[PDB]
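Below is one structure, written out as structure tokens, with a few remarks after it.
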Amino acid sequence: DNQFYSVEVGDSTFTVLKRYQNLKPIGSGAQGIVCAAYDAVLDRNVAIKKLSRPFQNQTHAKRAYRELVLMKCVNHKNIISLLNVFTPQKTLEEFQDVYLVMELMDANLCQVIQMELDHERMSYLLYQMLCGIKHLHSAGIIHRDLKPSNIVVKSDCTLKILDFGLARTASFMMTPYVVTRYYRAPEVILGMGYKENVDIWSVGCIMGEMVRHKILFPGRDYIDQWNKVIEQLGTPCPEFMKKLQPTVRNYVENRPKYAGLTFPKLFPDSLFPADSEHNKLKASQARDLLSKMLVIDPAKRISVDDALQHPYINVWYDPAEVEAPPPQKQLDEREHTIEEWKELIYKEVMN
Ligand SMILES: O=C(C1CC1)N1CCC[C@@H](Nc2nccc(-n3c(-c4ccc5ccccc5c4)nc4ccc(O)cc43)n2)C1
């Protein structure tokens, strides 16, 4: 008797529970292959991610393992919640692939970013991102790699964050696909040490992109990225420098210097809906929030709690959403061989 069946979806073979029907490709990345399906048991649409041999290297394995643990711990409407996890393989020795199942969402945030969005929708997306991030922070999870390609939305403007970011302590992979680094905070770009509001920078980069319809800080690498940051925002204050490693400090203290543009210049009125007094006011509040999120120095950048209190955002504020109970192992960050990772991942899948 077989609980599973196989179909080719794109280049990949999906071996899934028979409950999951009519599989359609969504995409394939370096760390997962994704499809839409109908779930005949739940009578609803789902998304399924296949992790192929996630134990194949330390980078794949640490991420897969950590994400599986965290998914089972967190509990919040703006963060991925796992409907099901399974492997078609019957023992540890035969163990190859992991399938993760969640509610089917409608769009990636990249797609949403390209749309002309009203202030109601923009502020509501941002509010939800902040709730998701608050929830993670309350469990001691600091993301540090939030980006629109890992955020999904429904037609009713509801939002979910799909991943849990960088390894707290944290190498290499023979990948064809590059990592998107444009939404990373200065403290990540410059290896600085960080607190909760490292994630505010990324939210600011998303918000600014929603307005500008261009990636705020593009670059081939961190060098290019930092240049794009300083010319727009200017060279940080001496106090910021002191918190840099002597080697990065030399490099930063020595770049072609910049005063940086004001936020009205960075995001002109022509970019904002300003056809009604309501929209003119919202344009002003949006730029104020932006000016507080895109602050190079973390000591001067707004916190998650204060962003949630900002008038652009606070119209949505709800204690049940903002102040939900924290997620519930303590040794997460480790180093292992292929064979050790294989068993760690296998036992988590099997419970
Ligand atoms: O074109 C389609 C479908 C009609 C073919 N779309 C448009 C984009 C959103 C799709 N729905 C969806 N929902 C949830 C996650 C997800 N998803 C997932 C995904 C999917 C399933 C997951 C299950 C467990 C843990 C994480 C999971 C992550 N990865 C994605 C990467 C890129 C991406 O655009 C979406 C990703 N994607 C549906």
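All of this is worked out from the model, or read from it or from the source named; none is laboratory data. A quick note on method: Cβ atoms are made from the backbone with ideal geometry, for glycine too, and the neighbour counts reach across all protein chains shown.
For the stretch 110-120, name all the residues that are in a helix (DSSP H, G or I) and either away from the ligand (no atom under 16 Å from the Cβ) or buried (at least 23 other Cβ atoms within 10 Å of the Cβ) (or both).
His119, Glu120
Any residue at all in the stretch 53-63 that's under 19 Å from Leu166 (Cα atoms) and of a type in the set (A, V, I, L, M)?
yes
Residues are listed down the side, and each one gets a yes or a no for (1) surrounded by 19 or more Cβ atoms within 10 Å (Cβ to Cβ); (2) farther than 30 Å from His135 by Cβ; (3) under 17 Å from the mean Cα position of the chain (by Cα):
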site	(1), (2), (3)
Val9	yes, yes, no
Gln31	no, no, yes
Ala36	no, no, no
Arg53	no, yes, no
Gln56	no, yes, no
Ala64	yes, no, yes
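Select from the stretch 271-315 the residues that are out of contact with any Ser or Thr (no Cβ under 7 Å at 6 or more places or on another chain) and among the hydroxyl-bearing types (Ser, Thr, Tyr) and write down the one among them that is surrounded by the fewest Cβ atoms within 10 Å (Cβ to Cβ).
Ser276
Considering only the stretch 46-57, I want to know if a residue exists there that is within 29 Å of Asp1 (Cβ to Cβ), more than 12 Å from the ligand (Cβ to nearest atom) and charged (D, E, K, R).
Yes, the conditions are met somewhere in the stretch 46-57.
I'm checking my understanding of the structure. Among residues of the stretch 121-180 that are of a type in the set (S, T, N, Q) and crowded, with 19+ Cβ neighbours inside 10 Å, which one is farthest from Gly204 (Cα to Cα)?
Residue satisfying both the conditions and the ranking: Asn150.
Would you mind listing the helices (runs of 4 or more DSSP H) fully within the stretch 202-252 where at least 2 residues are surrounded by 13 or more Cβ atoms within 10 Å (Cβ to Cβ) and either outside the structural domain of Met122 (by CATH) or in contact with a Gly (Cβ under 8 Å, 6 or more places away or on another chain) (or both)?
Those helices (runs of 4 or more DSSP H) span 222-233.
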